[PDB]
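Contents: one structure, followed by commentary.
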Amino acid sequence: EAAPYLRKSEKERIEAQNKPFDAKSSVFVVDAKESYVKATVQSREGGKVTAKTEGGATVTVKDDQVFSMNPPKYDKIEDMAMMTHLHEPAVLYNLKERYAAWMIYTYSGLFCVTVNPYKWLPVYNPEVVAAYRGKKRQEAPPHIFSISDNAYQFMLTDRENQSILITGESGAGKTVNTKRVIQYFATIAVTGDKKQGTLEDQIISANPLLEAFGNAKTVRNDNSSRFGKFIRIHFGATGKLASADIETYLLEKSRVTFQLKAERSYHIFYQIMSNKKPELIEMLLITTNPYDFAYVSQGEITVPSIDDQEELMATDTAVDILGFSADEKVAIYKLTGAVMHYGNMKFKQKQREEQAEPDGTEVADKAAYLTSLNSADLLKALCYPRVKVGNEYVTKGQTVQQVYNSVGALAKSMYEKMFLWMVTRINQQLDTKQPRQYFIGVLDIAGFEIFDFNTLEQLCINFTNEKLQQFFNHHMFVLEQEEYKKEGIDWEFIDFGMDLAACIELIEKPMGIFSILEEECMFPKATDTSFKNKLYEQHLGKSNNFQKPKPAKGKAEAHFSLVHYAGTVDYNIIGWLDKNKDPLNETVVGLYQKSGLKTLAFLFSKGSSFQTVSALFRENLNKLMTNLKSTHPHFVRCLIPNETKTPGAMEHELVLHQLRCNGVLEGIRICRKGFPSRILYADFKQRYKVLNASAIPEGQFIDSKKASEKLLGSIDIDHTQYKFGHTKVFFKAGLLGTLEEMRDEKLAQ
């Protein structure tokens, strides 16, 4: 009643599992509205099988889509984690059975997997939440509350840091549940001690502006955010709660470079550029028309019904809630205005001469005004730069492309900087002379999504995602080996982190794939086709998991085909190489440092210069990864099972692919090799004694081991189907299945 679904019955658990069943009947078949449906063998054939489906028709299917399924005992369990048959549909339908049971909290890895319920339930209500810490995993009903709970007691003794990691889910439920996560942080505060924005509400202070700030529109998602944020929480206290960080991580500058006409821009821009605030628009030296700024214009010209007048008002609401000055903050978004003005800047190339050279432009004068530079200062000092030290020397004649790239780079870097600045004061508003000794953290996205059409940066983020999965895998590898140790057993399995890292390694040698791309970009005035050819020599023979894409529909050309934890995904080339190109000039900020605005010092401040750009983006990740290596990570993966966020029912197929994207699926692929399985003596034998038909006294006249050796002596001798564990018993997925198959067959006879 309290937790009414969440532990649903003693009686019904039995009686459901009591219900009639047969595995050898109960089979997999492939569907137009599920990829797969539970099935019956009508008949079996060479490389096809003859089938009927519970709801639907009789159906004719090849062998490979099929096996008979883990029976009611399995059917009512808590755990994908304790699987006993591995094919995706099993997992999926079963959790769908949770969903029709509405049974919330789902487990694989050692960790819990999440769905926005789209409905009222008082999951929150403290009867569970306060009254107990709860339990380690096996011991209590599944809940995200667990993961926090045990991470605490773990750290409490351990006293080094941990973060909990929450995947995809890129809109409503993701953020709602992050909120509730900090709500449970408040519950931890209440647990620790008890006797100024509220701390969730303090994060809310950030949320609306920051949400506009780095949200983005996917073809398949409509407010989705392509910063990197990471959330930290910090303890000088193990009392009631101590205060928190949200932090600075991979940000996607290239989006400023480009959009397709279906697609839109960093939401800030789109929001501000609406019409409502009468003074700013001219104060901004701006036309309310997006249409003007081609570099802005590149996208889709609106989102029909996300109402940016009110969203403007919300931005005001937040910036005023900053308690930070109007004049700076106005100048600050005005910086962005300048940025879009830079899209207009366009240069021209003279006779008998290669230089790119000026359009003499009110745009530059707007810049001068806003900057408190003079435009001529730009014109001479940038547009033919100076760099030398030890003597000092001047740089002239840039190509059209050189200029265009250069200025875009500057603008982008400036946007970046502005984000970076936001840290300083926003956090300081958050920041406290209450100490921190120790840290617990939150992350939002291991972000991978698909389009029929693709662009490098996205793939790079996907690379980073799988890298995160490296981290997942090798930690599990270690821990599971500890579980081998736990009941006396010796490792027959090798690093998953390494194993899939090899798949990354195809991307990464001391040669990076990215590295060589951006590297060769310095080879000038040449065409991606050149690299195509270099692919075709370099990888296309060699690197097994990468492929020439097959013919397929939807697309003029696709160029790369390679294999991923999510499955296997194929992607395409426009000549964009230069987009990643980073120009630098000292001079630009160098003089801005002179300028009036006094944003500029924080505006302003060996590894590389004007180069290494995607590798820089590696570097940014890399540090993060390094620091995470210190930690214990914790894990949540999160789903819209539905067409929508609605009480309305499942939409399967994206849930399929999300789960492909959510490691549990091929993680369980990885683990099934483990015979990843531990089942306790007493229950097990309490079922199993039957065939031995043997009486020798309980207690240790027989161990469970002995009783096994006898029953096995009737039944099996194997390692792979089973091995002994010191307290609990270990199996091929199939094996429990056959065990109870025996049990029903024997008891019925």
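Per Swiss-Prot, chain A residues shown: 12-206, 216-625, 644-787, in order.
Looking at the header, which is where the method is noted, we find electron microscopy, 6.6 Å.
Just so you know, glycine gets a Cβ as well, placed from its N, Cα and C.
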Residues flagged as region 'Actin-binding' in Swiss-Prot, choosing from 411-433, 659-681, 682-704: 659-681
Annotated range (Swiss-Prot: region 'Actin-binding') out of 149-163, 263-277, 308-322, 761-775: 761-775
Helix, strand and coil residues within the region 'Actin-binding' (659-681) as assigned by DSSP: 9 helix, 9 strand, 5 coil
Spatial neighbours of the region 'Actin-binding' (761-775) far in sequence, C-beta under 8 Å, 6+ residues away: 34, 79, 81-82, 84-85, 94-97, 506-509, 710, 713, 715-719, 722, 742-743, 746
For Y424 (phosphotyrosine), the number of other Cβ atoms found within 10 Å of its own Cβ: 20
Conformational class of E180 (ATP binding site) under the three-state DSSP mapping: coil
Helix, strand and coil counts within the domain 'Myosin N-terminal SH3-like' (33-82) (DSSP): 3 helix, 25 strand, 22 coil
Local Cβ density at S36 (phosphoserine) - other Cβ atoms counted within 10 Å: 14
